[PDB]
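Data block below; observations after.
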Amino acid sequence: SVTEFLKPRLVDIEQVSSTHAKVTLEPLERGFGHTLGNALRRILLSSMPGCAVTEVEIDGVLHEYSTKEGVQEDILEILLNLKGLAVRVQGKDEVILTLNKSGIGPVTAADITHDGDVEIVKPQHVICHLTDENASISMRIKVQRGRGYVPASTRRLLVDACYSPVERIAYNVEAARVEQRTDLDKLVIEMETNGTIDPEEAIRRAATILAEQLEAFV
Amino acid sequence: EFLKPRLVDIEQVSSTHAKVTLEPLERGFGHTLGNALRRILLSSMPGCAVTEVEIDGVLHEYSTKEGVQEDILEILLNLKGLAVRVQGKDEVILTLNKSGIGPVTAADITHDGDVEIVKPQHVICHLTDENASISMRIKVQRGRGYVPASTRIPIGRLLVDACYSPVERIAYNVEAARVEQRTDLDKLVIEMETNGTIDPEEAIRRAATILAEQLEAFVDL
Amino acid sequence: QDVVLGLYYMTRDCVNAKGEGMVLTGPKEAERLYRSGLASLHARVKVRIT
Amino acid sequence: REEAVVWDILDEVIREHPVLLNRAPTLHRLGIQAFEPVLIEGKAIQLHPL
Amino acid sequence: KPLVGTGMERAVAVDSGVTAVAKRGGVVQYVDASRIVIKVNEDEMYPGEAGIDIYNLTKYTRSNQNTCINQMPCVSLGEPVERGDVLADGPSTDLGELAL
Amino acid sequence: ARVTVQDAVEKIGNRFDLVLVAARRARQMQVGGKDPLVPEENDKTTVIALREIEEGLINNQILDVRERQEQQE
Amino acid sequence: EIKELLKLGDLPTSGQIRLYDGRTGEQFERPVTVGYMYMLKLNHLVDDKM
């Protein structure tokens with residue numbers, strides 16, 4: 001009568017697509033919605049472990065503001081395309097992938113030569129387009145495991161590291177009514193991931209982490 | 001892969017407010033736990049407030065009594081801010097008897113084993129008549145939150161609003177802790193302020209228990 | 001009134017601010033930077049948009 | 001008596017029952033507008049800012 | 001009390017007849033939530049039938065707009081008072097200072 | 001549920017005829033029988049009729065031919 | 001003399017302190033005004049009008 005609280009009873013999971021999910025809980029005590037939503041957002045944006053590309057070496061170009069012949073996309077566009085690559089690595093902190101292509105065609109993520117450990121979620125992802133038969137492009141990409149977001153400024157071209165699998169988090173709190181009381185909060189959370197892990201799965205991981213942060217006081 | 005926080009120091013500055021220091025934390029966690037802990041502590045805690053009174057020579061709280069310095073309504077407003085802790089039972093009844101010229105303090109309340117008064121210098125009212133008697137029975141209840149009188153619903157009974165929560169202001173700050181050689185490890189400091197009816201360490205323990213019990217729903221998903 | 005001031009404060013560049021002069025994949029990523037506090041709410045950058 | 005069933009049946013019966021709102025003086029024809037009510041606490045009528 | 005006022009709240013409160021004012025100075029003898037007894041000094045008493053002075057305070061009487069008129073004494077037992085002081089604060093008055 | 005009727009009033013000529021036909025259809029739905037042609041989602045009688053208008057399968061002509069066929073007993 | 005009196009305490013002279021959002025814990029970008037203002041409750045109550 002003094003210690004118990006309103007545990008959520010309805011958990012509604014709506015899947016817009018494979019990587020887009022919307023999760024709803026109700027009811028929660030007055031004010032617990034904001035606390036849980038904020039804790040999950042902060043722990044998701046900058047604490048989820050993951051692997052991503054850090055730096056890339058291209059034999060053709062040695063400077064950021066350079067141009068590669070036969071490729072209408074600039075080096076900056078190449079780095080932006082490399083940013084979104086979704087790679088999962090099993091048991092290795094650092095790996096190097098070497099990519100070679102020649103001829104005319106849009107360079108796909110599948111063109112990378114990878115071992116059993118390295119796996120690419122989206123093979124059809126495009127890096128750059130080749131418009132010349134003579135045009136051949138080869139580079140080396142480095143994938144490392146880390147946490148959160150790492151800018152290139154705080155750091156052979158350097159690329160920002162999107163370690164965290166999650167991409168966008170946004171929560172909202174509505175009013176849900178139980179019998180006479182109405183001030184109880186209903187949390188509706190919305191998330192989208194790059195594709196490495198199931199959207200609703202990620203939340204679980206996040207939750208576990210926060211629980212593991214409180215083992216010394218329970 | 002992360003590190004495990006734990007209590008380090010409970011620095012007592014006075015009988016009311018104290019500081020609590022936490023084990024160094026991974027970067028970004030300091031603002032995470034701090035805000036959640038502040039919200040939990042400042043919102044939901046057990047409390048030992050007063051609800052109901054009954055004075056012999058009164059009929060309604062708007063009246064007055066002979067020989068007391070101020071009104072019954074003011075004495076009720078004064079008494080609503082009484083700090084007391086109980087151990088054994090869940091609700092107890094107090095009794096106050098006093099006579100003669102002089103201020104009436106909470107230390108004049110009967111002091112059976114269960115109840116304990118943390119501020120004996122708290123003043124209730126004053127008596128001005130040489131031979132005047134004031135007698136009342138106070139109902140003390142344990143509960144959580146704010147329960148207005150007109151919501152939770154004899155002639156000699158008078159109702160009082162309940163301010164259960166024992167915490168009134170909470171602050172925290174995060175600064176780097178010089179531990180080992182890693183420069184990303186930072187310590188969290190919570191300065192917490194109570195009326196004196198709860199031990200701080202128990203407060204942080206209960207807040208963390210509530211947070212974990214709530215997150216268990218997401219864990220199960 | 002209040003809404004207009006919010007939109008005005010949203011869209012107004014500063015000559016220098018935290019995280020100025022970088023490149024972002026999309027609007028979805030840009031929201032991640034602002035919430036993390038790693039870049040200022042208004043600082044001129046280059047973003048891919050569709 | 002305000003029984004628990006009364007609020008449930010009221011919520012069911014007011015899902016899409018529009019109500020009219022006006023403010024004297026009703027200068028132009030926009031002074032009267034329809035709405036779909038939603039139950040709230042308190043003793044004041046809540047209105048959309050726009 | 002208002003923290004930032006004009007300084008004539010004292011005049012406005014005293015001039016209006018909502019706060020009991022000491023007709024004759026002296027020392028307060030008996031204080032109660034409803035009555036106040038003032039003993040006059042030697043100089044200010046009449047040559048005959050000096051005695052003391054009594055003030056009866058209105059407690060919770062309806063106003064003309066259904067609000068409460070109330071008076072609470074603001075003096076303690078056994079302290080001197082002079083002519084023209086403020087003894088009992090009326091509604092929305094604090095130590096003879098207007099407080100809305 | 002439904003918020004706007006722009007598409008429905010696009011399907012019929014003008015709003016007034018839409019109001020009249022929707023009222024008649026809702027009255028048929030509510031007073032007796034006449035199981036609605038579109039599945040319900042726990043909605044009132046008025047809106048569920050109005051949806052049938054914007055599907056292009058209930059209007060003044062279609063509704064009229066049905067009732068004369070019922071009355072010919 | 002307002003600034004002078006503020007300097008007597010340990011308060012900022014500009015009269016604009018920083019504040020932290022209760023919901024998020026994030027520092028507000030522009031310092032805001034905090035002070036003590038006299039407020040009256042007018043004779044217009046809802047339970048007398050609803």
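Quick reminder, even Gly has a Cβ in these numbers, built from the backbone with ideal geometry, and neighbours come from all protein chains shown. Since every read-out is calculated from the coordinates, none of them should be taken as a lab result.
Scanning residues 5 or more positions from E:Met72 or on other chains, those with amide H under 5 Å from its amide H are E:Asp89, with H placed 1.01 Å from N in the peptide plane.
Look at A:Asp59, A:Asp183, F:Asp43, G:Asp47 and count the other Cβ atoms within 10 Å of each Cβ; fewest to most, that gives G:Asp47, A:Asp59, A:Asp183, F:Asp43. Shape class for region B:176-221, computed from the alpha carbon gyration tensor (a ≥ b ≥ c): oblate, with a/c not under 1.5 and a/b at or below b/c.
For region B:4-75, the square roots of the Cα gyration tensor eigenvalues, ordered a ≥ b ≥ c, give a/c of at least 1.5 with a/b greater than b/c, which places it in the prolate category.
Annotation: the residues E:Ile69, B:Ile153, sorted from fewest to most other C-beta atoms within 10 Å of their own C-beta, follow the order B:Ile153, E:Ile69.
Taking all pairs of distinct Cα atoms, average 1/r, flip it, and tell me the Kirkwood hydrodynamic radius of region A:111-152 in Å to one decimal place.
By the Kirkwood definition, the hydrodynamic radius is 13.7 Å.
From the alpha carbon centroid of region F:1-71 to that of chain G is 56 Å. What angle do you read, to the nearest 10 degrees and between 0 and 90, between the alpha-carbon axis of helix D:4-13 and the longest principal axis of chain D? Value to nearest ten degrees: 40.
Along region A:192-200 the Karplus relation, 6.51 cos²θ - 1.76 cosθ + 1.60 evaluated at θ = phi - 60°, assigns HN-Hα couplings of 9, 10, 5, x, 5, 10, 4, x, 5 Hz to successive residues, with x for each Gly and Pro. Dimensions of chain E along the principal axes, based on C-alpha atoms and rounded to the nearest Å, stand at 43, 30, 21, largest first.
The overall shape of region F:6-71 is oblate: from the C-alpha gyration tensor, with semi-axes ordered a ≥ b ≥ c, the ratio a/c is 1.5 or greater and a/b is no larger than b/c. Applied to region B:36-45, the Karplus parametrisation 6.51 cos²θ - 1.76 cosθ + 1.60 on θ = phi - 60° returns per-residue 3J(HN,Hα) values of 4, 5, 4, 4, 4, 4, 6, 9, 10, 9 Hz, with x for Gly and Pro. Shape summary of the protein assembly as shown, radius of gyration then Dmax from alpha carbon positions: 36.3, 130 Å.
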